[PDB]
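Residue numbers count from 1 along this sequence.
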Amino acid sequence: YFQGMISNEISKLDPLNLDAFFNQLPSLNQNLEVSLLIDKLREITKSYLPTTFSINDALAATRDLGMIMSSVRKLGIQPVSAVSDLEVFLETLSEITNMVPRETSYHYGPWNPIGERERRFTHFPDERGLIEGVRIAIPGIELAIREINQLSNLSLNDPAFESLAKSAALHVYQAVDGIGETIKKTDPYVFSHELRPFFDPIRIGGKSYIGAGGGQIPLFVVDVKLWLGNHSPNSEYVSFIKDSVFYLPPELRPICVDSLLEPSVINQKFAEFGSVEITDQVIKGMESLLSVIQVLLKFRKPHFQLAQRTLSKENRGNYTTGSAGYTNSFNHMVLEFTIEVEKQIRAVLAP
Ligand code: HEM
Ligand SMILES: N[C@@H](Cc1c[nH]c2ccccc12)C(=O)O
């Protein structure tokens with residue numbers, strides 16, 4: 001009962017009439033023009049009644065208001081503390097979106113218009129590497145989620161299982177396309193120095209909300225359904241996912257929650273494999289699961305490398321963490337998790 005967060009219906013809206021302002025935002029930020037930032041926040045709280053907004057209006061308004069707030073926070077000022085009327089404006093908006101009162105990578109990517117209206121913090125072309133990265137990744141991962149969700153109720157011997165899993169790996173490849181756009185467009189040093197500071201936490205109604213981040217693409221939702229399940233309860237990754245659930249669009253929360261409380265597909269299919277008549281289609285089915293896992297590795301291995309060149313002493317600037325407060329050890333932990341799964345499947349397929 002959440003369906004219908006359609007990206008092009010949100011990307012096209014300018015509910016707070018900020019299109020002109022966003023063409024100036026990169027120069028406002030370059031020149032440290034905090035006063036114009038505060039003015040615009042003040043103007044917004046007096047110019048609009050957010051209770052009047054449709055759901056799509058509020059999503060797009062969160063995107064735009066969030067990025068102005070992020071630009072204030074960049075300089076070191078908590079924007080809700082400086083503009084106290086924001087707090088009820090952000091309360092009203094999140095009642096409608098049933099999402100956090102802050103922009104996430106959904107707002108920064110798929111819900112961010114292509115072309116002249118594209119919302120950007122800076123004039124640096126490196127910023128386009130992040131935006132295109134998540135704009136490409138997210139719709140593909142979402143498609144993969146719905147496909148992997150259907151694997152639980154299909155038999156390994158059913159060729160519909162193999163086809164579904166193959167569609168999922170192809171959809172996940174969009175995350176691979178996306179990090180490749182980043183690697184080719186975003187210099188690590190420019191990231192740490194020019195872009196990362198727009199992704200810091202903001203205090204809203206007595207709680208801190210992290211900035212938008214690539215880690216907010218719903219890839220962890222693929223992981224929990226596909227291989228993590230309820231199998232590593234006190235793990236660091238489970239704690240990250242736990243902290244991420246209510247950042248997700250509402251439509252994805254049930255899938256994530258159910259999956260954290262259930263055996264994973266691969267654990268379920270490892271049992272069916274070594275307990276039923278192993279046929280040629282059954283091997284294809286099992287091989288389609290290793291295909292998905294191997295596509296996840298084609299994202300995580302170059303991601304780890306880019307994060308390592310960025311967080312090196314040479315390039316890291318004032319930061320040792322991503323927006324969610326972790327170092328590259330966390331990326332190493334997810335990649336080693338995924339490598340272990342690939343190892344296990346290969347071992348089950350060895351004869
Ligand atoms: C210079 C660019 C980038 C750097 C330095 C970087 C670094 C990091 C770091 C340090 C984390 C740990 C979590 C955190 O602290 O927030 C993380 C998480 C993550 N980021 Fe990035 N990242 C970059 C670009 C991207 C892009 C463009 C995407 C998506 C298209 C992405 C996808 C992810 C994912 C999925 C995770 C969760 C871990 C996983 O699923 O393997 N990253 N990243
Ligand atoms: N993926 C990293 C770096 C990052 C920060 N903001 C982003 C926006 C888009 C893509 C990646 C990022 C993170 O989640 O912290």
Side-chain angles (χ1 to χ4, degrees), residues 10-11 14 16-41 44 59-80 82-83 86 90 100-138 178 181-182 185-204 209-217 247 306-307 310 315-319 321-324:
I10 296 153
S11 58
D14 186 16
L16 304 164
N17 195 29
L18 294 171
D19 278 0
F21 183 78
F22 270 101
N23 286 321
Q24 316 293 128
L25 183 58
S27 156
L28 290 197
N29 282 329
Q30 172 171 251
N31 290 107
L32 320 193
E33 263 151 9
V34 61
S35 293
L36 299 175
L37 296 185
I38 304 291
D39 286 329
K40 190 50 87 156
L41 294 168
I44 297 163
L59 290 170
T62 299
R63 167 198 76 210
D64 291 345
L65 185 49
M67 273 176 83
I68 300 168
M69 278 187 305
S70 290
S71 308
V72 167
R73 170 72 183 79
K74 183 261 169 164
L75 320 165
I77 288 137
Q78 287 282 345
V80 189
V83 186
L86 243 14
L90 294 166
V100 290
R102 177 89 186 269
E103 86 278 27
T104 76
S105 293
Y106 272 80
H107 304 82
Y108 195 41
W111 301 349
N112 189 356
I114 273 182
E116 269 262 272
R117 296 185 61 247
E118 186 170 81
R119 278 86 166 104
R120 282 168 83 254
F121 292 110
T122 72
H123 65 298
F124 295 91
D126 315 64
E127 183 174 0
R128 276 191 279 223
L130 309 177
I131 291 162
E132 302 280 8
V134 292
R135 171 189 286 140
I136 290 150
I138 285 169
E181 288 314 286
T182 308
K185 278 164 156 101
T186 300
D187 168 68
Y189 186 98
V190 184
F191 173 89
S192 304
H193 284 262
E194 301 315 306
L195 311 176
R196 177 68 183 77
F198 292 96
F199 301 106
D200 277 351
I202 293 180
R203 186 129 219 140
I204 308 165
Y209 292 95
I210 70 169
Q216 292 169 334
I217 75 184
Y247 280 71
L306 170 72
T310 298
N315 298 323
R316 64 178 170 192
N318 289 323
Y319 290 92
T321 56
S323 59

Exercise. Starting at CD of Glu103, measure out to CG of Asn112 and round the result to the nearest 0.5 Å.
Key: 10.5 Å

Quiz item: Mind checking whether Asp64 and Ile44 have side chains closer than 4.5 Å, heavy atoms only?
Solution: no

Self-check item: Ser105 OG to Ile131 CD1 distance, which is reported to the nearest 0.5 Å
Solution: 10.5 Å

Quiz item: Do the non-hydrogen side-chain atoms of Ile210 and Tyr247 ever get within less than 4.5 Å of each other?
Solution: yes

Exercise. Answer yes if the side chains of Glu194 and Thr122 hold a donor-acceptor pair under 3.5 Å, and no otherwise.
Key: no

Quiz item: Can you tell if the side chain of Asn315 reaches within under 4.5 Å of the side chain of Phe191, non-hydrogen atoms only?
Solution: no

Quiz item: Can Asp126 and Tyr189 be counted as having a side-chain donor-acceptor contact under 3.5 angstrom?
Solution: no

Quiz item: What class does the angle between the rings of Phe198 and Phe121 fall in, given that below 30° is parallel, 30 to 60° is tilted and above 60° is perpendicular?
Solution: parallel

Quiz item: How many angstroms lie between atom CD of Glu127 and atom NZ of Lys185, to the nearest 0.5 angstrom?
Solution: 13.0 Å

Exercise. May I ask you to decide if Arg203's main-chain N or O and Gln78's side chain share a donor-acceptor pair within less than 3.5 Å?
Key: yes

Self-check item: Cation over ring face, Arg102 and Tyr209, 6.0 Å, 45°
Solution: no

Exercise. May I ask you to test the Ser11-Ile114 pair for a side-chain heavy-atom distance under 4.5 Å?
Key: no

Quiz item: Donor-acceptor pair, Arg316 side chain versus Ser192 backbone, under 3.5 Å?
Solution: no

Practice problem: Please report the closest heavy-atom contact between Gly213 and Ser323, naming both atoms and the distance. | Solution: CA-OG, 3.6 Å

Quiz item: Is any side-chain heavy atom of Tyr319 less than 4.5 Å from a side-chain heavy atom of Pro197?
Solution: yes

Quiz prompt | Intermediate values then yes/no, salt bridge (charged side-chain N to carboxylate O under 4.0 Å, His left out), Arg135 and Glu118 | solution = CA-CA 12 Å; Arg135 171 189 286 140; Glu118 186 170 81; 2.8 Å; yes

Quiz item: Got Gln216 and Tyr108 here, is their nearest side-chain heavy-atom distance under 4.5 Å?
Solution: no

Quiz prompt | Nearest heavy-atom neighbours spanning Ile138 and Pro110 | solution = CD1-CD, 3.6 Å

Quiz item: Does the side chain of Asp19 come within less than 4.5 Å of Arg119's, by heavy atoms?
Solution: yes

Exercise. Could you tell me which non-hydrogen atom of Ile68 sits nearest to which non-hydrogen atom of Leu37, and how far apart they are?
Key: CG2-O, 4.2 Å

Practice problem: Start with the C-alpha gap between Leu32 and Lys74, add the side-chain angles, then the distance that decides, and say whether side-chain contact (heavy atoms from CB on, under 4.5 Å) holds. | Solution: CA-CA 10 Å; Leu32 320 193; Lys74 183 261 169 164; 4.3 Å; yes

Quiz prompt | Distance-minimising heavy-atom pair for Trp111 and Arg63 | solution = O-NH1, 2.9 Å

Exercise. Take atom CG of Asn318 as the centre, draw a 6.0 Å sphere, and report whether it contains more than 12 heavy atoms from other residues, nucleotides or ligands.
Key: no

Exercise. From the options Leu86, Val80, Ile38, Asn29, select the one residue that forms a side chain to side chain contact (heavy atoms under 4.5 Å, CB included) with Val72.
Key: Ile38

Quiz item: Hey, mind stepping through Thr321 and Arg196 against side-chain contact (heavy atoms from CB on, under 4.5 Å) and telling me if it holds?
Solution: CA-CA 9 Å; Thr321 56; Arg196 177 68 183 77; 3.7 Å; yes

Quiz item: Looking at side-chain heavy atoms only, is the closest gap between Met69 and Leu41 below 4.5 Å?
Solution: yes

Practice problem: Verify side-chain contact (heavy atoms from CB on, under 4.5 Å) between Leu16 and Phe21, making sure each step is shown before the conclusion. | Solution: CA-CA 10 Å; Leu16 304 164; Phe21 183 78; over 6 Å; no

Exercise. Considering non-hydrogen atoms only, spot the tightest contact between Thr62 and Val100 and give its length.
Key: CG2-O, 4.2 Å

Self-check item: Contact summary for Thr310 and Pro188, nearest pair of heavy atoms
Solution: OG1-CB, 3.4 Å

Quiz item: Would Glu132 and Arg128 pass as an ion pair if we require N to O under 4.0 Å?
Solution: no

